[PDB]
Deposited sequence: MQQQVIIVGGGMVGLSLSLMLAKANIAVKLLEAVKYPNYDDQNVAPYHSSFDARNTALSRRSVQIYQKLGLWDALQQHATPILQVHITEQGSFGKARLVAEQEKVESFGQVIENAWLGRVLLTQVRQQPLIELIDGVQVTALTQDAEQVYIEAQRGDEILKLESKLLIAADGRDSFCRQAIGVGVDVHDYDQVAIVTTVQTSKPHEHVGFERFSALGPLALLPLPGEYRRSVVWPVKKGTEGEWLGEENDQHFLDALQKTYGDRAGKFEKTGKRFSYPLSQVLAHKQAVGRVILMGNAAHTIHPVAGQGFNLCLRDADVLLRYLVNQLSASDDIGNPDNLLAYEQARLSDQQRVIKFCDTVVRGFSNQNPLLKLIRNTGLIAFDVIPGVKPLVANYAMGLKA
């Protein structure tokens, strides 16, 4: 092979497929052992399964890869958004209609996204899948990267002209190349789950600004299934978590939305992850490049930062293919530095956008602050 990718997640699996499509062989390393579904294995969307909001560029990226036709089987589009409020300024409704395909994006089930990616990777002869290995050494010289993976008793020694590190927020390769991270924490915790409503969503996403905070209702592939996103202050998560508070969670959703979504009949397990940002100081060190959560972990945004990672993968694929037009060295360090410079503006804009979204959770009645900020009618403050 020519390229080594450390980390076999959504980003790593997607990056290996883009390289294989560009006729670039790749060794993919992953710590966990993948399920070998060999007759066969029936996919069923679980109430406790996680979801991901894909942007239009992410859908287009998978379209060029020829994978969206399969990914669409368990992904639904968002056609409209309905935003409402009822505070000390009046009731207001914001309805936005989509007209271009996937402008509001698609909500895909995570289990289906990884299954399609894993199945297609195993069909590509240019991708050598090496699961059950944990990298424990990484060195560099002027010509190659050297890694030592551990497989129980065996030692695995590999080398390549370029190493792509996509091993998650707690990346091992990032600390091996001596790169620190900056951590920004927020006093918020996102409560996500999957509920079942008597009324179908009809590809409409909902959000209600209440005293409990912004309560989201995203459509799911199931016509009567919805994905809830509910950020709250740290410590307030215990009131809604656990099987003991299943109906209490449904009661808060019912009294907030009333009958706009019908009756909240069932709910799954409520997941909680603190809102924070883990940003690496650098992304390119010699012939090693950080991709995904190894470079930046931005969870509070829609898509959990996955759309930004897919853009990094698409752009890196171009910088490597264009480099191969000039020489046989796909791991040209100056090319990796130029790639990082080309991604700086988009990454900083998303990182700043994440700060705006989290600080916006405190803003109740934002539709009527927009009405006031027009200066058209006379409020009194």
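- Not built in the structure, per the record, are deposited positions 1-2, 42-43, 386-402.
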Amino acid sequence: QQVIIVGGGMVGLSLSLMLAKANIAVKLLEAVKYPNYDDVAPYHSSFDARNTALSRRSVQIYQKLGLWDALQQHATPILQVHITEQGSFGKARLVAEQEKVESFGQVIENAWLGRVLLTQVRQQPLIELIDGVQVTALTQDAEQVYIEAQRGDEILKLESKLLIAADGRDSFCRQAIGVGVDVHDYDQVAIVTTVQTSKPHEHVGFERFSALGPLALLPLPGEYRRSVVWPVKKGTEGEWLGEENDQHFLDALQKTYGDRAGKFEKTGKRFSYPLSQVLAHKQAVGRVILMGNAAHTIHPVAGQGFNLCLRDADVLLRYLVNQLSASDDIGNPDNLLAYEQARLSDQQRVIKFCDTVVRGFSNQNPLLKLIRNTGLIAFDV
From here on, numbers count along this sequence of modelled residues.
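- Relative to its counterpart among 42-50 and 321-329, 42-50 has the higher mean temperature factor, C-alpha atoms as listed in the PDB entry.
- Taking only CA atoms, the mean B-factor in the PDB entry is higher for 238-246 than for the other of 238-246 and 187-195.
- Remark: of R93, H281, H203, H299, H299 shows the highest value [criterion: C-alpha B-factor in the PDB entry].
- Across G114, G87, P77, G292, the greatest Cα temperature factor reported in the deposited entry is at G87.
- When the modelled residues of the chain are ordered by C-alpha B-factor, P366 sits in the highest third.
- Per-chain ranking of the deposited C-alpha B factor places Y62 in the middle third.
- Ranked against the other modelled residues of its chain, the C-alpha B-factor of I4 as given in the entry falls in the middle third.
- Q140: CA B factor lies in the middle third for its chain, per the PDB record.
- Looking at the C-alpha B-factors along this chain, the one for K33 belongs to the highest third.
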